[PDB]
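The chain below stands alone, shown as structure tokens; this is the form deposited in one PDB entry.
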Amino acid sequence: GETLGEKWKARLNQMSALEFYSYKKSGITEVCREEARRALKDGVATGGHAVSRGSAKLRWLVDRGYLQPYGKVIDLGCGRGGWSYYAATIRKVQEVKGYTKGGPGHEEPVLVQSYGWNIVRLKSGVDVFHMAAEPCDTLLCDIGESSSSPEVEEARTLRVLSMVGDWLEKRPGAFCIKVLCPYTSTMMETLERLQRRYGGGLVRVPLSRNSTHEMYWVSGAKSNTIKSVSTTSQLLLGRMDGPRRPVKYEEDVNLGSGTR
């Protein structure tokens, strides 16, 4: 019983290195992030330049009402902190706590002074899967590493989803959770069951590359799982045909400066 997403995964794996390369950015939405690129690679933040592409992904969802962060924000798997620092600029957000693994193969928090930096605390060296859940108003989680195997992507997603369940049981009023693999029938059933229990819906963020089927389970969406997943699968499959399309650019994120 093969889904569209599984056919996309199979075809993605059949691509030559050149085909994959041309495909992965074809027609996507993008932020250029030229302008403080060397500063970031040096490990010094510049003003209100975002520390990662993640700020733009969160911005895209917030600008469209897919969630309205407020109160105490928890950011699981914060990496460099792009989500935490974007959240700190939202008027109703009061406090941001980010946790991430860091160390060798992994992103360390970047320490910056974009607007609202002083209500942000990011901590490295923590395994979020070993943290007991805690009350919060806005729950964010951006964890899930890609794999050429769909069974692996699926298993990795189910572990993430089991982990956030403890946090959702605390009943945050807003959330945004990356779903690395939504495209197997087991995943779709699991996601429907989670939406029945916790609400929200799945959204494809168009700044995601075509090389990942990731979607975001967000409290401000209402979507049908089959509709949102199948539409994404069909978009990704369609971009495999025909000539390569250019990227569409948004304005770089500007998180300003100053305390709150």
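In case it trips you up, residue 1 is the first one in the sequence shown, and so on. Rigid core here is just the name for the largest C-alpha set that superposes within 1.5 Å across the two forms.
When the mean C-alpha temperature factors of 52-60 and 37-45 are read from the deposited coordinates, 37-45 comes out higher. Higher mean CA temperature factor between 98-106 and 138-146: 98-106, per the PDB entry. In this structure the maximum Cα B-factor among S114, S84, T190, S162 is found at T190. Across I28, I226, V203, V31, the entry's maximum B-factor at the CA atom is seen for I226.
When all modelled residues of the chain are sorted by CA temperature factor, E169 is found within the highest third. Ranked within its chain, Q68 lands in the highest third, by CA B factor from the PDB record. Among all modelled residues in this chain, the alpha-carbon of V247 has a temperature factor (C-alpha) in the highest third.
Among the modelled residues of its chain, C176 has a C-alpha B-factor that falls in the lowest third according to the deposited record. In this PDB entry, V253 carries a Cα temperature factor that places it within the lowest third of its chain's modelled residues.
There is another form of the same protein, the form deposited in another entry; it is not shown, and what comes next is about it.
Put simply, after the core is superposed between the shown form and the other one, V44 is the one residue in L235, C32, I226, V44 with a Cα shift of at least 2 angstroms. Distance between the C-alpha atoms of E108 and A45: longer by at least 3 Å in the other form than in the displayed form.
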